[PDB]
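J.: take a look and give me a structure for this.
(one chain, ligands or ions: 5)
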Amino acid sequence: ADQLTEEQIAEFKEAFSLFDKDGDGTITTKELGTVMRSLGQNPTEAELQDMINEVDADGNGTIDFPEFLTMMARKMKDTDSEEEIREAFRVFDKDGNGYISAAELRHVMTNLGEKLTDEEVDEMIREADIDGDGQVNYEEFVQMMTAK
Ligand SMILES: COc1cc(CNC(=O)CCCC/C=C/C(C)C)ccc1O
Ligand SMILES: [Ca+2]
Ligand SMILES: [Ca+2]
Ligand SMILES: [Ca+2]
Ligand SMILES: [Ca+2]
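T.: Numbering: from 1, shown residues only. Ligands and ions are numbered 1, 2, ... in the order given. Provided below are the atomic coordinates:
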């Protein structure tokens, strides 16, 4: 009956130590690839794999913690985006009473570009999602992103 639970939040908290679990403190593609299990199959990493090494190839396909927070901070917007996404609810979600499915989401992602994989969302939304029915909405948008 309860959709929001503390357990769900703990997942993100635990994942924090999961990345460094490999060693004392290090962020590498191997660590990220591990998360693939919780997501079953998230190409998002496959395509990015090259992107990570490219920008990370400055010294090694690994990123230090001091830079990890900065990178995630800029890449991921704080929870304050909730208000910003609020305006996007009407435009992003025309139906309003309805939610965007994975199939419809793909069409939107296509218009954006093709830098990332096309399957990332199709499979990521399939496993990582408890419902498995794939659905995106304003309420979920806030939980989707959380830099802090
Ligand atoms: C540094 O590159 C990395 C960035 C992230 C951050 N992860 C994300 O941004 C997940 C992608 C969000 C998918 C959005 C789908 C919408 C259209 C519904 C994780 C690991 C990394 O290696
Ligand atoms: Ca490490
Ligand atoms: Ca680095
Ligand atoms: Ca929709
Ligand atoms: Ca869902």
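
J.: contacts, neighbours, all on C-alpha from now
T.: OK.

J.: up against ligand 4, what does this protein have?
T.: Residues of the chain found near ligand 4 (CA under 5 Å from the ion) are 99-100.

J.: one more time with 8 Å
T.: Counting by CA under 8 Å from the ion, the chain comes close to ligand 4 at 92-96, 98-101, 104-105, 136-137.

J.: number of residues surrounding the residue of the chain found nearest ligand 2?
T.: When distances are taken as CA to the ion, the chain reaches nearest to ligand 2 at residue 26, 3.0 Å away. Neighbour count of residue 26, defined by other CA atoms under 10 Å: 15.

J.: for residue 45, see how far away it is.
T.: As judged by CA to CA, to the nearest Å, residue 26 and residue 45 stand 17 Å apart.

J.: cool, residue 148 as well?
T.: In terms of CA to CA, residue 148 sits 22 Å off from residue 45.

J.: neighbour-wise, which of these two wins?
T.: residue 45 (19 against 11).

J.: from ligand 4, how far off is that one?
T.: To ligand 4, residue 45 is 25 Å away according to CA to the ion, to the nearest Å.

J.: once you drop chain neighbours, what's closest to that residue?
T.: Using CA to CA, 6 or more residues apart in numbering and skipping the chain neighbours, the partner closest in space to residue 45 is residue 33 (6.9 Å).
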